[PDB]
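J.: Next input, structure requested:
(one chain, ligands or ions: 6)
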Amino acid sequence: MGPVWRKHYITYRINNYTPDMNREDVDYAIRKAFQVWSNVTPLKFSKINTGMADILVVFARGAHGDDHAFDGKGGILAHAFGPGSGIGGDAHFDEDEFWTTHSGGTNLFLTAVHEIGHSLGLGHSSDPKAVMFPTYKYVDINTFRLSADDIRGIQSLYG
Ligand SMILES: COc1ccc(S(=O)(=O)N(CC(=O)NO)CC(C)C)cc1
Ligand SMILES: [Ca+2]
Ligand SMILES: [Ca+2]
Ligand SMILES: [Ca+2]
Ligand SMILES: [Zn+2]
Ligand SMILES: [Zn+2]
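T.: Numbers count the residues shown, from 1 in each chain. Ligands and ions are numbered 1, 2, ... in the order given. Here you go, the structure:
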């Protein structure tokens with residue numbers, strides 16, 4: 001298995017906020033995305049507002065300091081680093097996308113669930129029902145669930 005957090009208590013911080021959405025709606029999407037994974041593992045997530053966090057959530061465009069520049073509107077939507085110090089764990093969202101609460105543009109919650117999966121150590125899935133399948137597809141958020149493959153994947157890393 002690839003890198004995992006060697007602890008079950010994991011912190012996150014939102015570095016900055018997309019102007020595409022209201023701040024409250026970003027906070028909500030991210031909280032809900034962590035909750036998806038917390039609900040199927042022994043992992044506990046704590047949001048910090050200031051200071052050192054394990055998982056930094058970042059909205060940025062183009063070349064943004066890591067060796068993985070974004071590519072403008074479309075194409076790559078987001079990427080994340082597996083567990084580790086510093087940039088390890090961090091989840092970055094391409095600001096050249098239009099982030100949304102809904103089925104228009106790119107749904108932040110669904111994208112964040114996938115990215116946090118990477119921040120926890122998951123790779124891509126070959127199951128098209130898995131959130132870790134590497135194509136963005138809107139699905140009804142109120143009825144969203146991890147697939148059996150996503151749960152196998154994350155439980156193989158933690159618990
Ligand atoms: C549901 O969340 C997704 C997040 C990013 C992408 S993506 O298209 O940017 N992409 C990059 C990636 O996997 N980042 O995590 C896949 C791809 C082009 C292989 C697709 C789906
Ligand atoms: Ca980090
Ligand atoms: Ca892009
Ligand atoms: Ca944007
Ligand atoms: Zn990046
Ligand atoms: Zn991915």
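
J.: The residue nearest to residue 138 when sequence neighbours are not counted: neighbouring residues, count only.
T.: Distance criterion Cβ to Cβ, 6 or more residues apart in numbering; nearest residue to residue 138, sequence neighbours excluded, is residue 103 at 4.4 Å. Heads up, the C-betas are built off the backbone N, CA and C, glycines and all. As a burial measure, residue 103 scores 12 neighbours (other Cβ atoms under 10 Å).

J.: Wasn't residue 103 part of a strand?
T.: No: secondary structure of residue 103 (DSSP: H, G, I helix; E, B strand; the rest coil): coil, not part of a strand.

J.: if I look at it, how far off is residue 155?
T.: 30 Å (Cβ to Cβ, to the nearest Å).

J.: can you check residue 10 too?
T.: 16 Å.

J.: Bridged to residue 10, which residues?
T.: Beta-bridge partners recorded for residue 10 (DSSP bridges): residue 45.

J.: wait, isn't it in contact with residue 42?
T.: No: using Cβ atoms under 8 Å as the test, residue 10 is too far from residue 42 to be in contact (10.9 Å).

J.: who's more crowded, these two?
T.: residue 10 (21 against 10).

J.: so who does that one touch?
T.: Residue 10 is in contact with 43, 44, 45, 46, 54, 55, 89, counting by Cβ atoms under 8 Å, 6 or more residues apart in numbering.

J.: I'd like those laid out as CSV, including neighbour count and distance to ligand 5.
T.: Below are the contacts of residue 10 laid out as CSV (neighbours: other Cβ atoms under 10 Å; distance: Cβ to the ion, whole Å):
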residue, neighbour count, distance to ligand 5
43, 19, 23
44, 12, 26
45, 20, 21
46, 12, 23
54, 21, 16
55, 25, 13
89, 26, 12
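
J.: All set, thanks.
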